[PDB]
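A short worksheet on the structure shown next.
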């Protein structure tokens, strides 16, 4: 049993590095970060798309081909590479995730964990577009 | 028999050469050999991370990038479009427009007849770039 339903990629880096060429093909991202099991999902390969990449819902491969996430529900921060319980600054990933979420009038969810916010750039929430919701409080 | 810049007669020849000197200026005579269209000056870049498009950003066979020195609008022949050809020109125009929109610059198309085949539309973003037929 070595067959798969969809072509599978273990990380965001592998998904971007592969030379995607079949328009409309559905591929599965197992996880944003290799082995973590978070942020994955199905992506639709599009060779015609000119959408700006955000490393979350719109992925631009190394060859310029776009991969569009199949999203059912709210946006989650781990779709943009946010990692639970890490020393790395999580504010850039949450800011990028919220920026997309607000652009499509959809709330941003954040998984149960502790996150570190560093730097000096505030997050400006537009309540007419999207909120930031901690999962389970 | 002397030239000011190294010269390449076609995009294929330009890509095949092992460019290695960062910042070197090279001349492309034409995108397609002998046609006399789409040529220009290119700067070799070992640091560039731009996605290759076979027009303004060229990735040589060894992976080294060549960046077109463009002053003015983008032309479709810079991406391999050929006037009055039976070959489908929509891929070249679509790729040229995609780059043009990325740099907020209009795309010009030289005077000719072009064939559009396939089934993929071109979506013009009026906030970024238009498609302009030269002399109408």
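Chains as they are written, first to last, in the authors' numbering: chain C, 11 to 147; chain A, 12 to 147.
We put the CB at the ideal spot given by N, CA and C, even for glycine.
For the 9 Å CB-CB criterion, residue 79(A) and residue 70(A) do not form a contact.
Around the beta carbon of residue 49(A), a 10 Å sphere encloses 16 or more other beta carbons of the protein chains shown; the residue is thus reported as buried. Just so you know, the alpha carbons of residue 106(A) and residue 132(A) end up roughly 12 Å apart. Counting along the chain, the unbroken alpha helix (DSSP H) around residue 110(A) starts and ends at 101-113.
Secondary structure at residue 128(C): coil, using DSSP grouped into helix, strand and coil.
The count of Cβ pairs closer than 8 Å, one atom from the segment 115-135 of chain A and one from the segment 75-90 of chain A, reaches three, so the stretches are in contact.
Per DSSP, residue 78(A) lies in no alpha helix (DSSP H) segment; the continuous beta strand (DSSP E) that holds it begins and ends at 76-79. Our two residues, residue 127(A) and residue 20(A), have alpha carbons roughly 27 Å apart in a direct line. Among the CB atoms of chain C, none fall inside 9 Å of the CB of residue 88(A). For residue 136(A), the closest of 112(A), 144(A), 65(A) by C-alpha to C-alpha distance is 112(A). By the criterion of a C-beta distance shorter than 6 Å, residue 30(C) is surrounded in its chain by 55, 71, 75, once the five residues flanking it on both sides are discounted. The beta carbon of residue 66(A) sits no closer than 9 Å to any beta carbon of chain C. Burial is judged here by how many other beta carbons sit within 10 angstroms of a residue's own beta carbon; residue 77(C) has at least 16 and is buried. The three-state secondary structure of residue 52(C), taken from DSSP, is strand.
Residue 121(A) and residue 43(A) do not touch by the CB rule: their CB atoms are close to 13 Å apart, not below 8 Å. Residue pairing by DSSP places residue 28(C) in no beta bridge whatsoever. Taking 9 Å as the cut-off, the beta carbon of residue 134(A) is found closer than this to the beta carbon of residue 60(C). No Cβ-Cβ contact shorter than 9 Å links residue 46(C) with residue 18(C).
As the crow flies, the alpha-carbon of residue 95(A) is around 25 Å from that of residue 26(A). Looking at the DSSP output, residue 38(A) sits in a beta bridge with 18(A), 52(A).
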